[PDB]
Amino acid sequence: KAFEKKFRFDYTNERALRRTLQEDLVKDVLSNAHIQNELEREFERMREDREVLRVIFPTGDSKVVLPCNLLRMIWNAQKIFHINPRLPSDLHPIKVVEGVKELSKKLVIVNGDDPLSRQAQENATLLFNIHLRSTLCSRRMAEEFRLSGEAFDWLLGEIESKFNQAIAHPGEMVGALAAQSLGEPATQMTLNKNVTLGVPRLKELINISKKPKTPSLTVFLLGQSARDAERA
Amino acid sequence: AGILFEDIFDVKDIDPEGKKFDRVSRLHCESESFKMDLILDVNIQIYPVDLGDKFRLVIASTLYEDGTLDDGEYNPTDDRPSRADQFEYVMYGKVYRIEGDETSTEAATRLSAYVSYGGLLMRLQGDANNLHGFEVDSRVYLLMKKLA
Amino acid sequence: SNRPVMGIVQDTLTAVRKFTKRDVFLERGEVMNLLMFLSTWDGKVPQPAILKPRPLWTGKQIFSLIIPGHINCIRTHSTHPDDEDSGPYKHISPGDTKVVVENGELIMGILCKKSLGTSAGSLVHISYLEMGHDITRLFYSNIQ
Amino acid sequence: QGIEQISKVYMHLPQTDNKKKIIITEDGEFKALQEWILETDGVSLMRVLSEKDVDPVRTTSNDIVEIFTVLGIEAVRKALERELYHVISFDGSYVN
Amino acid sequence: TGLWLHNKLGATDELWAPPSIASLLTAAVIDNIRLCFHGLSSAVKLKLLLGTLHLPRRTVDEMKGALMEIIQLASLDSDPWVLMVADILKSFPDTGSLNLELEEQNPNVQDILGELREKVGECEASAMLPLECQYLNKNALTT
Amino acid sequence: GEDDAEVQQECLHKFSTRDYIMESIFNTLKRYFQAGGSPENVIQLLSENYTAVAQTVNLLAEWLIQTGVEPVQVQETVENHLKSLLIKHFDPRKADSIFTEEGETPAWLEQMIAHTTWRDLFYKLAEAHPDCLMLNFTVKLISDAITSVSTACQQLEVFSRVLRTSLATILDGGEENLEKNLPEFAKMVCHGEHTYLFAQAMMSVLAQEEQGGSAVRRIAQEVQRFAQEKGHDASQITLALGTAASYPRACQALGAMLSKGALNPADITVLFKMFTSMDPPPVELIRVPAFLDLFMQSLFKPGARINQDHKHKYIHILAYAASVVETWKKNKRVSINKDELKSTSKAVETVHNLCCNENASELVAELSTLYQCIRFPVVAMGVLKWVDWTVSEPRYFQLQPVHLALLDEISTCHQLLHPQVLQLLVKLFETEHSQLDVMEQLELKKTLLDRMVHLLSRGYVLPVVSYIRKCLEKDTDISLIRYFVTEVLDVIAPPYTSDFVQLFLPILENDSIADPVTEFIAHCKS
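Quick look at the structure:
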């Protein structure tokens, strides 16, 4: 309910479009069904993205690390062009949809056109593309951000530039970087059911041993014994 | 004129949540005419105000009372007639938020404008008609004078 | 850990916590002395936060000149009372415990480890990610 | 009765949400159910997974060689990643 | 001034004075109501005369003569609504109190009093007291 | 040109369409027969598509009546269908057109009004249309048989007559029926400030009568409460009406506080300095119900903003309000008792300290001083609002409930707080939590039933059993009513007055056990 309310674009309430968009844009949105089908398809692919996130993140933790801070970039776009959120905007929803589409085309991690390269491109940028489509959806774009056309174009350009700056440079000794980044905290790890932790546990994990100090099975239950103390 | 807002307020509470800054107090004030709620951080050390006082408040875009823009830069040597001469307490800040009771269907009837005078914060709530002069990221001058 | 490795440290961190308090007021000569040490200063003295009954500048007002470019940031002071975000005084703070950098200006809050330290999302981190390494270097030196 | 190499089994309800049974209710909202878990000393993962009325999916071990012998190389890859992520992030520190 | 009073009081759904009426009035208008007080619909006249109350005590004290003359005009309108609000509110703008000998030859207030005087007199028994008496100690309560 | 080629087809559409013969058919037929053409095939077109739906209905309806099913079910179904079709297809313009063709609706309206469902139809039609002439006329005339508030206050004379009649019914209502007699009047008064000021002045003049004008003052305060509920500030009304004009400082102070619906240390400080002066203003001046409700919600909700230098000032002003005796020597305060002030302020201070601290077990620790201090009435109210706001939290019964015990001290030791306590527990008897199962909800409900039976034992018997009857007829399962009767007949001693039997026994008809029920029924019917 909340997802559909906050993300599904509404093209059936004229009052909201008058409040959020200039009257020519409201007439354009309400008149032709092509743009309406495009926004419906936007919301549908966002629903499939939601299911993909649900299977990827079963624990429901929304915090995740990603290259470009979309919210801060939107804020910078707001305060560079002096966006007045109290007034209707002049940005087409369809322009937002096509802009995010062509931007996602421009963000390349693996290049090529055969099915293998295209599938790897989709998988490499799947999560960031989901985040981009959710953040720059025409609903939130027209409701809470209220960016103009030039501001939106500047935002797309900045996202492209920062993403290309975020790609790993070849020749980087990522192995030594990982070794040092995982070795530095070991100088800080200490040791306080009772389970072995700290540098002994890290030692055993890297010094693979047939004898754990505190071997264990965090075994779960599925039936009524999961909740029934007597059965468990 | 360049006066975005003017009223007479009375202080209804001085430091409600207990003293938290030994030189600054968060006055809560009411307006008898416009019925605006005002919260305003005032440096009591130089301009001491106690409970039940009354004061004319004015929020202005400029001080030269001619529409000439201030330039937002400190000019101690100003020969122009300043509006600040008619007031005891003068602060300079930037409106950084304009909230309201608007829905997606209808516009706001009530608006709340927040201003940050160098850190000293002010909020002014009331009906939307009197806060049309306020627009975000614009510089304002708060001019306050105690009334007998 | 995709964060700054270096932040503001002992004396200057305690002193900038005390400096960005709401009730720090600096007279004319004091701010003129402080602006000598600001390398990135454009040479324009900002309008004081209080003009009458005497010109006075706030600590946040001077620190806004130290903040470079037009970076924007939101953090919370260490002594931020949780349940403040739910009360009526959300975007106005009685304790001044929410730091809001807006267009390169510190319009409210008290800076601390959680906003200037090495934590991810700190002000120095956003300065690096936006203005680059050289301007952040100048930002560090100017704060010091 | 019982499977050898299992000297003690502690039964408890985890109050931390990480081990709670997180589901998606029909409204689409995340709900963390409180359900009993058992943590033991000594590992025999094949036997305990073969037990009746035991969750054979979420049941895991902290012994990575057991995982490799019983599940495989990608499973022990994931298990090792989770284990060293746990031992690192226990003290509050974060690493990429 | 009359069309100003229309644009500020055109909505007939509100028969009350609008909140912040003194601000939706102005001292110039406090003087200038008499130019077109009788020009609007009687509902707008009523809302105006009632708006006289929410104005600050001091502001009314400064322009007390204006509201006195406005109430004298209010005592002339054909709608009895304006007549009785003028009758009640005669003394407020200069004295600060309202008329209370309000059986003033109006047959309607005569009907109200002639019924309810003896109705209340009959219903003195178990006459529910005001809601102040609950919070008071016994001595003041009996006194 | 001649409209025959178009109007004859307009009429022939309604002729040759399926099934239209039974109607405006006469008007269109007259238009066609005057227009000429083929009038013979018109009748054939009318009767060609006559499917005989009506005789089909005769067969079907008489067969449903043959089945032994109640024909009143058919009556309700047909009435609901036709009424819903009317409401969906009602046009206010055509209602005003019925008014236009003749001012009084013909006998079809006066035949429908005999039906209760059509009277409710006209009520829902006309309660929302304050300008449609037919609808306004119908609602007003049915009131002569809601009186629409727009036509109630359109002039003095109508408002006055409906006011005095409605107030006569309120005064006839005693202390119960006002709930139905006051809103129809109050919403009539709460539509404009001039009808408001006129009404408040009349009730003020009526309140000067010592032969029951206290009740008129009560009703005026209730109307002012309702006017506040409609978002209209009647502060200055009470100021210029009462003795606020005798003291301008108290006038502006109290009036500002009432206009905001909240307190402040400034106006409070003004009143504190006034009552600290050798001439304290009248205690009646501050003894206003909503004002003292502001005192409660300042001193007994979590928070509000508070300073210790003013905490005692709030407390002392409330003590002055609740304590001091001013004797009027012809409206002259000559004797001022302030001897029961300090103890009341001390009790208010201690109880308020406990309440803002967000107490449970610590309550039981200092319950001695509490039941010592609830003897002060104002303190009892303060604790009542505090425990109301704590217990009104959703799912406050899953974690400690000692709080419900304290009403036992209150209601037993203060008679006039019987209406509040039951009117608290009416909410708590409707408690429903998915976490605390229906079993635990029923335990809490039965506990509250024991409290309500105790409150019945103190004499508050008519509204208790009336509400028990109402919620049984609604919500309250038969198990709860049976437990009610069990506890009652376990505690109440004969004789049982018929004022209690008349509601307790005809709801006890549902059950016969808790045997004490048989004894009760036999004694109370014999």
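Chains as they are written, first to last, in this note's numbering: chain D, 1 to 232; chain Y, 233 to 380; chain V, 381 to 524; chain X, 525 to 620; chain B, 621 to 763; chain Z, 764 to 1289.
A virtual CB, placed ideally from N, CA and C, is assigned to each residue, including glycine.
Return helix, strand or coil for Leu1266 (chain Z), following the three-state DSSP convention. In this structure, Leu1266 (chain Z) counts as helix in the three-state DSSP scheme.
Which same chain residues, not among the five before or five after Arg794 (chain Z), have their C-beta less than 7 Å away from its C-beta? Only residues of its own chain outside the window of five on either side were considered, and among them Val770 and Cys774 have a CB closer than 7 Å to the CB of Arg794 (chain Z), listed in chain order.
Expressed to the nearest angstrom, what Euclidean distance is found between the alpha-carbon atoms of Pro115 (chain D) and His82 (chain D)? Each residue's Cα considered, the two are about 44 Å apart.
Coil, strand or helix - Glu773 (chain Z) by DSSP: Here DSSP, grouped into helix, strand and coil, assigns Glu773 (chain Z) to helix.
Would you list, in sequence order, the uninterrupted beta strand (DSSP E) runs of no fewer than 3 residues that lie entirely inside the segment 1157-1203 of chain Z? The DSSP assignment places no complete run of the beta strand (DSSP E) inside the segment 1157-1203 of chain Z (cut-off: 3 residues).
So with CB distances below 9 Å, who are the chain V contacts of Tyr609 (chain X)? Within chain V, no residue has its beta carbon less than 9 Å from that of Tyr609 (chain X); the closest one is some 13 Å off.
Note the first and the last residue of the continuous beta strand (DSSP E) segment covering residue 528 (chain V). The first residue shown for chain V is 381 and the last is 524, placing residue 528 (chain V) beyond what the model contains.
Should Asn522 (chain V) be flagged as near chain D, meaning a C-beta pair shorter than 8 Å? Chain D contact via Cβ: absent.
Relative to chain X, which residues along the segment 469-486 of chain V have a C-beta separation below 7 Å, given in chain order? If the cut-off is 7 Å between Cβ atoms, the segment 469-486 of chain V has nothing near chain X.
Mind pulling the chain D residues with CB within less than 8 Å of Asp369 (chain Y)? Those are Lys79 and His82, listed as they occur along chain D.
Run down chain Y in chain order and give the residues with a C-beta less than 8 Å from the C-beta of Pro676 (chain B). From the beta-carbon of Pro676 (chain B), the residues of chain Y found nearer than 8 Å are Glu264 and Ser265.
Hey, is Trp154 (chain D)'s beta-carbon within less than 8 Å of any beta-carbon in chain V? Not a single CB atom of chain V sits nearer than 8 Å to the CB of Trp154 (chain D).
Give the residues from the segment 681-694 of chain B that approach chain Y closer than 8 Å (Cβ to any Cβ), ordered along the chain. Result list empty, no residue passes.
Whole-number beta carbon distance between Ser640 (chain B) and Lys244 (chain Y), since they are thought to touch under 8 Å: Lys244 (chain Y) to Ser640 (chain B), Cβ: 17 Å. No contact.
Is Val64 (chain D) close to chain V, meaning its C-beta is less than 8 Å from at least one C-beta of that chain? Not closer than 8 Å to any Cβ of chain V, the Cβ of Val64 (chain D) fails to qualify, so no.
Whose CA, out of D:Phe163, D:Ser138 and D:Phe3, lies closest to the CA of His92 (chain D)? Among D:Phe163, D:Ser138 and D:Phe3, the Cα nearest to that of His92 (chain D) is on D:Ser138.
Shorter than 8 Å from the beta carbon of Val290 (chain Y) to some beta carbon of chain V? Chain V, which has no Cβ nearer than 8 Å to the Cβ of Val290 (chain Y), makes this no.
Apart from the five residues just before and just after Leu87 (chain D), which ones in its own chain have a Cβ nearer than 6 Å to its Cβ? Answer for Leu87 (chain D): no residue qualifies.
Tell me the rounded alpha-carbon separation between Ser1009 (chain Z) and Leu1048 (chain Z). Going from the Cα of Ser1009 (chain Z) to the Cα of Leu1048 (chain Z) covers about 10 Å.
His1177 (chain Z) versus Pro700 (chain B) - alpha carbon distance: Their backbone Cα atoms lie some 47 Å apart in a straight line.
Mind pulling the chain V residues with CB within less than 7 Å of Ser348 (chain Y)? At a beta-carbon threshold of 7 Å, the residues of chain V lying near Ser348 (chain Y) are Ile487 and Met488, ordered along the chain.
Could you tell me if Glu184 (chain D) is buried or exposed, where buried requires 16 or more neighbouring beta carbons within 10 angstroms of its beta carbon? With fewer than 16 other Cβ atoms within 10 Å, it is exposed.
Tell me whether the beta-carbon of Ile1078 (chain Z) lies closer than 8 Å to the beta-carbon of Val1051 (chain Z). Judged by their CB atoms, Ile1078 (chain Z) and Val1051 (chain Z) are not nearer to each other than the 8 Å cut-off.
In terms of residue numbering, what span does the alpha helix (DSSP H) encompassing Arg606 (chain X) cover? Bounds of the alpha helix (DSSP H) holding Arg606 (chain X) are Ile597 to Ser613.
Under three-state DSSP, which class holds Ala642 (chain B)? Residue state for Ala642 (chain B) is assigned as helix, using DSSP reduced to three classes.
Does DSSP classify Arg371 (chain Y) as helix, strand or coil? In the structure shown, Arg371 (chain Y) sits in a strand (DSSP, three-state: E or B).
What is the residue span of the beta strand (DSSP E) that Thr564 (chain X) lies within? Run containing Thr564 (chain X): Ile561 to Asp565, per the beta strand (DSSP E) assignment.
For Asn1100 (chain Z), the residue or residues it bridges with in DSSP: Note: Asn1100 (chain Z) is bridge-paired with Z:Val1088 in the DSSP secondary-structure output.
Any contact between the segment 105-115 of chain D and the segment 193-204 of chain D? By contact I mean 3 or more CB pairs, one from each, below 8 Å. With a cut-off of 8 Å, the segment 193-204 of chain D and the segment 105-115 of chain D do not count as touching, because too few Cβ pairs lie within range.
For a quick check, are the C-beta atoms of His1075 (chain Z) and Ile1031 (chain Z) less than 8 Å apart? No, they are not a contact pair.
At the level of alpha carbons, what is the spacing between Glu1203 (chain Z) and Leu1185 (chain Z)? Cα to Cα, the separation comes out at about 21 Å.
Check whether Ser507 (chain V) and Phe519 (chain V) have beta carbons under 8 Å apart: Result yes, Cβ atoms of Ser507 (chain V) and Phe519 (chain V) sit closer than 8 Å.
Identify whether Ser216 (chain D) lies in helix, strand or coil by the three-state DSSP scheme. DSSP places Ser216 (chain D) in coil when its eight states are reduced to three.
Can you have a look at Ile167 (chain D) and say buried or exposed, based on whether 16 or more other CB atoms are within 10 angstroms of its CB? With fewer than 16 other Cβ atoms within 10 Å, it is exposed.
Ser998 (chain Z) and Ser1022 (chain Z) - do their beta-carbons sit closer together than 8 Å? With a cutoff of 8 Å on beta-carbon distance, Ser1022 (chain Z) and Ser998 (chain Z) are scored as near each other.
Taking 6 Å as the limit between beta carbons, can you name the residues of its chain near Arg371 (chain Y), skipping five residues before and five after? If we look at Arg371 (chain Y) and ignore the five residues flanking it on each side, its Cβ neighbours are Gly304 and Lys326.
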